[PDB]
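These notes concern the structure reproduced below.
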6 protein chains.
Amino acid sequence: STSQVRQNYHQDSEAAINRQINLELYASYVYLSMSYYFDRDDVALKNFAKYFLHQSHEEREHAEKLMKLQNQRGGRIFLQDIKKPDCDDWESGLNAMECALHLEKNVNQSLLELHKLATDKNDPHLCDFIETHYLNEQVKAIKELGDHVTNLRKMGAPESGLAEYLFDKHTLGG
Amino acid sequence: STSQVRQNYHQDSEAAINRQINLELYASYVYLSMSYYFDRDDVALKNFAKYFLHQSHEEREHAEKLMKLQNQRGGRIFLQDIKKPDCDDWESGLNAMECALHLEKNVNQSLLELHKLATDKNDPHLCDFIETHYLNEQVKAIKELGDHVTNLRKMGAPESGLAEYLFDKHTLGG
Amino acid sequence: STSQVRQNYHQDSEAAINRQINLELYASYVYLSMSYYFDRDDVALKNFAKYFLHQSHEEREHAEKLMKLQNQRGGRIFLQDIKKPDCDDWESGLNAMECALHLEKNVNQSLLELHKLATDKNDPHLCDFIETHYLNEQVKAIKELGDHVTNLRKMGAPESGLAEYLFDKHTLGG
Amino acid sequence: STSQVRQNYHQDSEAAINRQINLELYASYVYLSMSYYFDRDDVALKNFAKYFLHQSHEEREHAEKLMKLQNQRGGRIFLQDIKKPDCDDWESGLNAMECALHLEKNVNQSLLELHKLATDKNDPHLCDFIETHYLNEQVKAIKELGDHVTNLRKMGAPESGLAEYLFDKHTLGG
Amino acid sequence: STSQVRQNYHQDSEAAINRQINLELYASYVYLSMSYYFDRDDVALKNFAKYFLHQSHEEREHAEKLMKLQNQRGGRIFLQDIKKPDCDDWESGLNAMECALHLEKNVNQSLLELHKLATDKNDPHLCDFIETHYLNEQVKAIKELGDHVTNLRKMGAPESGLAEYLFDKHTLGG
Amino acid sequence: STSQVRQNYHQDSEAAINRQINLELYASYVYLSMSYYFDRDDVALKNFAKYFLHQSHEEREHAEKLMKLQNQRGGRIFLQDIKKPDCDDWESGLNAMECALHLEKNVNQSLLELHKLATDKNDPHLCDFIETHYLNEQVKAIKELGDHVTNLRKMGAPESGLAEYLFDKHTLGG
Ligand SMILES: [Au+]
Ligand SMILES: [Au+]
Ligand SMILES: [Au+]
Ligand SMILES: [Au+]
Ligand SMILES: [Au+]
Ligand SMILES: [Au+]
Ligand SMILES: [Au+]
Ligand SMILES: [Au+]
Ligand SMILES: [Au+]
Ligand SMILES: [Au+]
Ligand SMILES: [Au+]
Ligand SMILES: [Au+]
Ligand SMILES: [Au+]
Ligand SMILES: [Au+]
Ligand SMILES: [Au+]
Ligand SMILES: [Au+]
Ligand SMILES: [Au+]
Ligand SMILES: [Au+]
Ligand SMILES: [Au+]
Ligand SMILES: [Au+]
Ligand SMILES: [Au+]
Ligand SMILES: [Au+]
Ligand SMILES: [Au+]
Ligand SMILES: [Au+]
Ligand SMILES: [Au+]
Ligand SMILES: [Au+]
Ligand SMILES: [Au+]
Ligand SMILES: [Au+]
Ligand SMILES: [Au+]
Ligand SMILES: [Au+]
Ligand SMILES: [Cl-]
Ligand SMILES: [Cl-]
Ligand SMILES: [Cl-]
Ligand SMILES: [Cl-]
Ligand SMILES: [Cl-]
Ligand SMILES: [Cl-]
Ligand SMILES: [Cl-]
Ligand SMILES: [Cl-]
Ligand SMILES: [Cl-]
Ligand SMILES: [Cl-]
Ligand SMILES: [Cl-]
Ligand SMILES: [Cl-]
Ligand SMILES: [Cl-]
Ligand SMILES: [Cl-]
Ligand SMILES: [Cl-]
Ligand SMILES: [Cl-]
Ligand SMILES: [Cl-]
Ligand SMILES: [Cl-]
Ligand SMILES: [Cl-]
Ligand SMILES: [Cl-]
Ligand SMILES: [Cl-]
Ligand SMILES: [Cl-]
Ligand SMILES: [Cl-]
Ligand SMILES: [Cl-]
Ligand SMILES: [Cl-]
Ligand SMILES: [Cl-]
Ligand SMILES: [Cl-]
Ligand SMILES: [Cl-]
Ligand SMILES: [Cl-]
Ligand SMILES: [Cl-]
Ligand SMILES: [Cl-]
Ligand SMILES: [Cl-]
Ligand SMILES: [Fe+3]
Ligand SMILES: [Fe+3]
Ligand SMILES: [Fe+3]
Ligand SMILES: [Fe+3]
Ligand SMILES: [Fe+3]
Ligand SMILES: [Fe+3]
Ligand SMILES: [Mg+2]
Ligand SMILES: [Mg+2]
Ligand SMILES: [Mg+2]
Ligand SMILES: [Mg+2]
Ligand SMILES: [Mg+2]
Ligand SMILES: [Mg+2]
Ligand SMILES: [Mg+2]
Ligand SMILES: [Mg+2]
Ligand SMILES: [Mg+2]
Ligand SMILES: [Mg+2]
Ligand SMILES: [Mg+2]
Ligand SMILES: [Mg+2]
Ligand SMILES: [Mg+2]
Ligand SMILES: [Mg+2]
Ligand SMILES: [Mg+2]
Ligand SMILES: [Mg+2]
Ligand SMILES: [Mg+2]
Ligand SMILES: [Mg+2]
Ligand SMILES: [Mg+2]
Ligand SMILES: [Mg+2]
Ligand SMILES: [Mg+2]
Ligand SMILES: [Mg+2]
Ligand SMILES: [Mg+2]
Ligand SMILES: [Mg+2]
Ligand SMILES: [Mg+2]
Ligand SMILES: [Mg+2]
Ligand SMILES: [Mg+2]
Ligand SMILES: [Mg+2]
Ligand SMILES: [Mg+2]
Ligand SMILES: [Mg+2]
Ligand SMILES: [Mg+2]
Ligand SMILES: [Mg+2]
Ligand SMILES: [Mg+2]
Ligand SMILES: [Mg+2]
Ligand SMILES: [Mg+2]
Ligand SMILES: [Mg+2]
Ligand SMILES: [Mg+2]
Ligand SMILES: [Mg+2]
Ligand SMILES: [Mg+2]
Ligand SMILES: [Mg+2]
Ligand SMILES: [Mg+2]
Ligand SMILES: [Mg+2]
Ligand SMILES: [Mg+2]
Ligand SMILES: [Mg+2]
């Protein structure tokens, strides 16, 4: 039976929102894994660890907002397994930042495909939701990660452990 | 090569900590799923939703503390997929509370098996970690969920939607 | 029928908790009796009276925490008569302090037997409960009472009513 | 030998005060038992539990004031065993309230018999003590418990677990 | 003659506590020596000096708590010479941090042997004392020192005097 | 090779400063031992214990200032074992105060010999250091301990446990 609230909400959009919820939860899990890598005693970069833990908690918030959207529009949430991150060892601060850049660009591509679907189904509320809450967040995240990668490369990372140490203090510390 | 920090930390304990990290992340995901079920427009119990979202965020903290422990002791974190919850539809406030009770007792049983292992490997630091940060938390969680189940049953849930409405306001609201 | 909360809680542990509840209530009653002895007009040591009344109220709190534990774990409270203290006349400040020392060491021995049982039944939550809330409390109580007995003996109690008077002011007063 | 303070204090009054001390301690123990019944996971009415625990602590204060009176008048305190409550399972909020009503009327009858004795022995200080500190307290307690019993009966207790739940929140909660 | 407070306290446990007191005083002396090495005009790392002086004062507190425990349990303190540190010249910030790591792991091993003894003598109060006040302190200390060693190695210490200078400012300074 | 800072600092003065550092650490250890003697349950004079613990921590500060002096002048610290106190049992408050008096006069004699050496080597900076930071401290310490010994003797210590009790409260308490 049709939800009493549902209006102009295509079944393909509903399914795509469920896919996006899984992707945001996956991103949360990737950042959680990265964070505790930097907490290892043989890595020991505490501001890298705090930066990625914050990004993990952000992504959980991104997922919860999409779950709230699904219910606002009268769709039904269907959850899937959250796959483990492809990587147990992230190697260095520079490599983790490059992996985060690549993650945040795949999430953006998924959101752009979701916006194209919403446009094709003439769902301006969903278009505005994506634009307002997700697309500029992603552009800002990608720009920040690019900036971080550039600085770590210019400073001599990953071979310079002094580069990663000083970036941890001065950019992330900090 | 052996971590420079590692002392009295058995390889079986290290593996069991990695298993427990996955279980805590799984519990976080179960509570996330339960929370947004109560946010559906055709369920609409906002204090059930907030209660379970808080429990989800707690469990993420439980996982992060175990990741920090692994690194404190010189073990190595190895992550696995976070399985989706077995349930997409949690049916009622009473049923979700019963499922949470059953989840929090399985997590407790895993922690008791972890404590038995730590005891068998003569690891008093790990025993104290489990006792201090996990075992009484679990006893309190189980007692609270039992209390909630009892009240919902006595009030007439799940058949009485008025019971679940009033429990949402007065116990969870609240 | 089994409590919906009960997990890893042996029936022998449940019975031993009920025994301990009675012992804590008994200790509360002993200290109540001691307190009002020092309120008699022919004893008249008001800080001895306040010290023992505080210890009485503490013990009631110890009993209530064990009652809460019984319910947290899904056991059932069964109460017994609270026996009157073996003594109506406590004779002196020194003698009451010696009787309190002997009481607080019997309570400790009961708690150590309860911990041995919890250990034998592989109940780490109950072990941690006893260690966290009871065993160091008892060690501190026993040490304080020993200290008090020593000072009263060194000052010349019980034969010196001036010793007990001055201890009442300066140590208990006070 | 006669206390240096004793004046106009009959030996029968002294004995009756000792009886009343035991009764007040018994009442304290009854309310303690009732309180933790409502803390069970299969009863779970936390404001019933707090209400009865407060009444328990009140009664201990009633006992201590009578112990102080005994010494003020030059009598000698003699303590007896505190009998366990006649009931381990109090069945419901309504039944516990009825049992408390019956307890508070038996305590009142004992205090009225104590006042008749004080009157017959021409002890106006003891009459005034009873009137000032005990008799209106009892009338207020009995009226409050009657009010509570009436409301629980009108709301449909004990068969309505919703009645007891809502009384717990709104009258005792509360 | 037996202390009036002593209960369930084995003579082997008493002796082991005296050994541990000496070890904690020794650790205090090692850190004192390390601190003033970094105060030399030809070493001149003032935050290394302050870090180790703080660790020295901590260890004195660890010793004093064990002396208080000995008396709480009715044992008798017997002191031994505090041996001088094996090292007059600690060579570098990295080497001192490695020596501190090795010291804090030997202290941990002594505390684990003390806990095994307490367990074998069925002394749950002493087990809880060790777990509560010592074992997690040690795990945290060892993890922090491991982290410090890792960062100094990654930054290029000891050959890079710039590495030790910058670690002194940014991690210890500071 | 000669320290770049060293000027007018004789090698005999450098060695004598190292001897004095050991003596101050020894004094710290003596007072630590005395403090915990008064913490025993069969001694139980808590203000004697706090007085001596404070004196212990003072002496550690005296040692650290001499270590800083050694480095200020370009000398090299060389540490020796800290001998255990000659006494495990200090017998009484009066005896401990007499032992402290004798300790503080031996430390003074060592400082006067150090000043004679500095004078003979025409080292006015070292003379002024000793005069400014040590010699009047010692005169004050010796005068205070003499005062304490006198009062304890006049009050009837050590045979009067009441004397030591009251001195603990009124002079040290206090
Ligand atoms: Au990778
Ligand atoms: Au990978
Ligand atoms: Au990657
Ligand atoms: Au990557
Ligand atoms: Au659109
Ligand atoms: Au289910
Ligand atoms: Au299911
Ligand atoms: Au379930
Ligand atoms: Au379920
Ligand atoms: Au263990
Ligand atoms: Au007795
Ligand atoms: Au007796
Ligand atoms: Au006794
Ligand atoms: Au006794
Ligand atoms: Au256990
Ligand atoms: Au009954
Ligand atoms: Au009954
Ligand atoms: Au009844
Ligand atoms: Au009744
Ligand atoms: Au009267
Ligand atoms: Au060395
Ligand atoms: Au060496
Ligand atoms: Au070393
Ligand atoms: Au070393
Ligand atoms: Au133990
Ligand atoms: Au001596
Ligand atoms: Au001696
Ligand atoms: Au001496
Ligand atoms: Au001496
Ligand atoms: Au001079
Ligand atoms: Cl639609
Ligand atoms: Cl559709
Ligand atoms: Cl799946
Ligand atoms: Cl990857
Ligand atoms: Cl922007
Ligand atoms: Cl190991
Ligand atoms: Cl191993
Ligand atoms: Cl996997
Ligand atoms: Cl399920
Ligand atoms: Cl608790
Ligand atoms: Cl069970
Ligand atoms: Cl069983
Ligand atoms: Cl009985
Ligand atoms: Cl007795
Ligand atoms: Cl303590
Ligand atoms: Cl009379
Ligand atoms: Cl009479
Ligand atoms: Cl009796
Ligand atoms: Cl009854
Ligand atoms: Cl009134
Ligand atoms: Cl209502
Ligand atoms: Cl013993
Ligand atoms: Cl023994
Ligand atoms: Cl020695
Ligand atoms: Cl060394
Ligand atoms: Cl921690
Ligand atoms: Cl020179
Ligand atoms: Cl020279
Ligand atoms: Cl030496
Ligand atoms: Cl000596
Ligand atoms: Cl002066
Ligand atoms: Cl005085
Ligand atoms: Fe996201
Ligand atoms: Fe958890
Ligand atoms: Fe107790
Ligand atoms: Fe009463
Ligand atoms: Fe230590
Ligand atoms: Fe000194
Ligand atoms: Mg509908
Ligand atoms: Mg997806
Ligand atoms: Mg860390
Ligand atoms: Mg982000
Ligand atoms: Mg699957
Ligand atoms: Mg648009
Ligand atoms: Mg837009
Ligand atoms: Mg925007
Ligand atoms: Mg290594
Ligand atoms: Mg697992
Ligand atoms: Mg909502
Ligand atoms: Mg929880
Ligand atoms: Mg896979
Ligand atoms: Mg244990
Ligand atoms: Mg524990
Ligand atoms: Mg705890
Ligand atoms: Mg049941
Ligand atoms: Mg018993
Ligand atoms: Mg009085
Ligand atoms: Mg006590
Ligand atoms: Mg009976
Ligand atoms: Mg414990
Ligand atoms: Mg404790
Ligand atoms: Mg008389
Ligand atoms: Mg009676
Ligand atoms: Mg409760
Ligand atoms: Mg009442
Ligand atoms: Mg009897
Ligand atoms: Mg009146
Ligand atoms: Mg009145
Ligand atoms: Mg003795
Ligand atoms: Mg040793
Ligand atoms: Mg300096
Ligand atoms: Mg330390
Ligand atoms: Mg020797
Ligand atoms: Mg512990
Ligand atoms: Mg701890
Ligand atoms: Mg040079
Ligand atoms: Mg010397
Ligand atoms: Mg003490
Ligand atoms: Mg001094
Ligand atoms: Mg040697
Ligand atoms: Mg001068
Ligand atoms: Mg001066």
- Message: I'd like the full set of residues that are under 14 Å from C:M97 (Cα atoms) and within 11 Å of chain D (Cβ to nearest Cβ), limited to the stretch C:25-35.
- Response: C:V30, C:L32, C:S33, C:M34, C:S35
- Message: Checking the structure you have, find out if any residue of the stretch E:39-62 is hydrophobic (A, V, I, L, M, F, W, C), facing another protein chain (nearest Cβ under 8 Å) and crowded, with 24+ Cβ neighbours inside 10 Å.
- Response: no
- Within the stretch A:142-162, identify whether any single residue is more than 16 Å from ligand 28 (Cβ to nearest atom), within 30 Å of B:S35 (Cβ to Cβ) and not hydrophobic (A, V, I, L, M, F, W, C), and answer yes or no. yes
- Note on the structure: All-but-one check, F:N22 against (1) surrounded by fewer than 23 Cβ atoms within 10 Å (Cβ to Cβ); (2) within 16 Å of ligand 109 (Cβ to nearest atom); (3) within 9 Å of chain E (Cβ to nearest Cβ), failing number (2)
- Examine the stretch A:63-70 for a residue that is crowded, with 20+ Cβ neighbours inside 10 Å and within 12 Å of the chain's Cα centre (by Cα), and state whether such a residue exists. yes
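Quick one: would you say A:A15 is out of contact with any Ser or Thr (no Cβ under 6 Å at 6 or more places or on another chain), surrounded by fewer than 19 Cβ atoms within 10 Å (Cβ to Cβ), away from every other protein chain (no Cβ under 11 Å) and assigned to a helix (DSSP H, G or I)?
Judged against the criteria, A:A15 is a match.
Would you pick out the residues in the stretch A:43-66 that are assigned to a helix (DSSP H, G or I), among the aliphatic types (A, V, I, L, M) and more than 10 Å from A:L172 (Cα to Cα)?
Hits for the stretch A:43-66 are A:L53, A:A63, A:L66.
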- Among (1) in a loop (DSSP other than H, G, I, E, B); (2) more than 24 Å from D:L25 (Cβ to Cβ), where does C:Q80 come up short? (2)
- Are any residues in the stretch E:63-86 within 30 Å of E:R153 (Cβ to Cβ) and either within 16 Å of ligand 51 (Cβ to nearest atom) or within 9 Å of chain F (Cβ to nearest Cβ) (or both), and if so, which ones? E:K83, E:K84, E:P85
- Given (1) surrounded by 22 or more Cβ atoms within 10 Å (Cβ to Cβ); (2) assigned to a helix (DSSP H, G or I), where does D:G75 come up short, assuming only one miss? (2)
- Selected residue (only one of B:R6, B:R40, B:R60 is under 22 Å from B:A96 (Cβ atoms) and out of contact with any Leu (no Cβ under 9 Å at 6 or more places or on another chain)): B:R40
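With ideal geometry, Cβ positions are generated from the backbone for all residues, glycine too; neighbour counts draw on all protein chains shown. None of the figures in this text is laboratory data; all of them are computed from the coordinates on show.
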